[PDB]
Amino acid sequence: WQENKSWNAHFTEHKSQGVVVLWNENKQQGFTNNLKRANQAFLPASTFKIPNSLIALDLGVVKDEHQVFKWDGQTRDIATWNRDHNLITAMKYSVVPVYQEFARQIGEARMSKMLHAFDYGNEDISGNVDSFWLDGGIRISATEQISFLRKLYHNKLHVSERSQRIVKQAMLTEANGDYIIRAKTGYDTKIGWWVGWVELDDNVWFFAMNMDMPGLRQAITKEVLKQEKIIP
């Protein structure tokens, strides 16, 4: 990993601190504006949707991306959560309750196995089954995020290719003639993430960022990518 202090500017211009980690799959090389922080491990928070949804799919808890999760009737503070959802929209709108119901049905036992299998962060499950990625003991870093996402990208995680395909579909956020982005913001604690990747014709660029959260995040990450000519 090559350190690039230049990028701090993009955090500074909005009076914030964070780390951005890029990985050029072809050149097989990392970059980041803060090497240490890029290995500081934090609560995955909203980024946990990915492993969570892979596991759910692999254990048949979730059949497919069309299966509907009926809304329980409880009116929560975010309007979008108060309707039925499938895997796609749940991801699009970061619907926490859906992901808690997953975790419950997975159970503490199977969940622990799978995280050890993914080599996910410190693979720690302490906390409530349905909260630990927000509350509990699990931790992961931006670099550790990248290693995970690469596996996912290459179908080389220890779950079915099918499970890996469907989650990659659900991550779809933006696509136009120039690029495709698979990445989903979600509601995060003091440290907020954006992680995913950009598919180009000729290459794929993985990214994981996080910042101290005192709305930009996607915005900052994208200023760094335009700088590196990864997108216009």
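Throughout, rigid core stands for the largest set of C-alpha atoms superposing within 1.5 Å between the two forms. All residue numbers are counted from 1 along the displayed sequence.
S.K.: Could you check whether 175-183 or 188-196 drifts more from the shown form in 5 other deposited structures of this protein, using RMS Cα distance once the core is superposed?
M.R.: Between 175-183 and 188-196, greater C-alpha deviation in 5 other deposited structures of this protein belongs to 188-196.
S.K.: Quick one: classify how much of the deposited chain lacks coordinates between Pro214 and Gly215, choosing none, 1 to 3, 4 to 9, or 10 or more.
M.R.: The entry has a gap there, with 4 to 9 residues left out between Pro214 and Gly215.
S.K.: Take the C-alpha B-factors listed in the entry for 12-20 and for 204-212, compute each mean, and give the stretch with the larger one.
M.R.: It is 12-20.
S.K.: So which stretch wins on mean C-alpha B-factor, 31-39 or 167-175?
M.R.: Higher of the two, by average CA B-factor, is 31-39.
S.K.: Hey, out of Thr75, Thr89, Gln145, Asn155, whose CA B-factor is highest in the deposited coordinates?
M.R.: When the deposited C-alpha B-factors of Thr75, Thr89, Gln145, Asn155 are compared, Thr75 is largest.
S.K.: According to the deposited entry, which of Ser141, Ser94, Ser160, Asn82 has the largest Cα B-factor?
M.R.: Answer for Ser141, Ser94, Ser160, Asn82: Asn82, with the highest C-alpha B-factor.
S.K.: Taking the C-alpha B-factors as the PDB entry records them, is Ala103 in the lowest, middle or highest third of its chain?
M.R.: Tercile = middle for this residue's CA B-factor.
S.K.: How does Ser46 rank on Cα B-factor within its chain, lowest, middle or highest third?
M.R.: Tercile = lowest for this residue's CA B-factor.
S.K.: Divide the modelled residues of the chain into thirds by Cα B-factor and specify which third, lowest, middle or highest, holds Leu59.
M.R.: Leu59: CA B-factor falls in the middle third of its chain.
S.K.: Consider only the C-alpha atoms of the modelled residues in this chain, order them by B-factor as the entry records it, and name the third containing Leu134: lowest, middle or highest.
M.R.: According to the entry, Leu134 has a C-alpha B-factor in the chain's middle third.
S.K.: Sort the modelled residues of this chain by their C-alpha B factor and say whether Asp188 lands in the lowest, middle or highest third.
M.R.: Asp188: CA B-factor falls in the highest third of its chain.
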